[PDB]
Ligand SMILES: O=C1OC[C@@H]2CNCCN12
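Below you'll find only one chain, the form deposited without this ligand, shown as structure tokens.
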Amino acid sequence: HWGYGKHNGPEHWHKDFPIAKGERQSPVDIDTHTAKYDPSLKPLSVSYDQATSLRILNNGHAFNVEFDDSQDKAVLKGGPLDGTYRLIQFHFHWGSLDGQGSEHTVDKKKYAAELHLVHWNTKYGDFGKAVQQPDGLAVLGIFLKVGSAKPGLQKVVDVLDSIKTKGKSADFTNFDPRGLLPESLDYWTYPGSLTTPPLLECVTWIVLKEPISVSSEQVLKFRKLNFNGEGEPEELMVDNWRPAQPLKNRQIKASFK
């Protein structure tokens, strides 16, 4: 149903998901001069050493690398967060051209892609309950710029041939998501939403200041994926990003000055 085309894209989503016009929608433009440094924000705690990746799935909108979230194996804590959030999956949003693709923007600048490491608050028991709560999710967002290759990403790139079309999945064990992080964990944070339907307003967004660099060949391989299923007309999976939404009554906070 919904997607990213002329006839089903972000400007249409509000007709089935009226919260698309809500008070805390994501993504947003991060105006760096307007964000407020909050010296009481704690450093992020990323504990991924016990992460257990399971599978990679083309869901028709992006690809998801899924993790075992039945125990506290890969968790995000600290920063603006209270409690413990478990990593359930990561995915990306990217463009058809290197000058677009990210969901968040920084002083209106678009990056080539954006990584979302999705975590849910363990006090709610399961991801489906968590998305119903204003503090249910924490998504760690990391920008990708085109330049040198990111070695930690290559294993992802290399399996994409096996999940070209919607509904395909492949075993994807022993992937270490720590290899996708930049050096610095300086971040901006604001309350927001899922950036795809159902657009639920359940996300504490934590967007890293420092982008990672990926090579032109790496992002080109993202762009060879397909939104369609096998045996349907080929539509390249590109430009699967929602544009920046109004900030409304929200202040973006920075962990760094």
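So that the term is clear: the rigid core is the largest set of C-alpha atoms that superpose within 1.5 Å between two forms. One rule holds for the numbers: they count along the sequence shown, beginning at 1.
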Core superposition done, the stretch whose Cα atoms deviate more in 4 other deposited structures of this protein, picking from 219 to 227 and 37 to 45, is 37 to 45
Once average C-alpha B-factors are taken from the entry for 134 to 142 and 159 to 167, the winner is 159 to 167
Between 75 to 83 and 113 to 121, the record assigns the higher mean Cα B factor to 75 to 83
For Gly101, the third of its chain by CA B-factor is the lowest
Quick tally, chain-level thirds of C-alpha B-factors: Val203 sits in the lowest
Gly229: CA B-factor among chain residues, third -> highest
Of the three thirds of the chain ranked by Cα temperature factor, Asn58 occupies the lowest
Split the chain's modelled residues into thirds by Cα B-factor; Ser40 lands in the highest
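There is another form of this protein, the form solved in complex with this ligand, and it is not shown here; the text below is about that form.
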Check your understanding: Quick one: does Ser213 come within 4.5 Å of this ligand in the bound PDB entry, counting heavy atoms only?
Key -> no
Next on the checklist: Taking any heavy atom pair closer than or equal to 4.5 Å as contact, tell me whether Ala35 reaches this ligand in the bound PDB entry.
Outcome noted: yes
Across 243 to 257, the residues having a non-hydrogen atom within 4.5 Å of this ligand in the bound PDB entry turn out to be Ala254, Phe256, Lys257
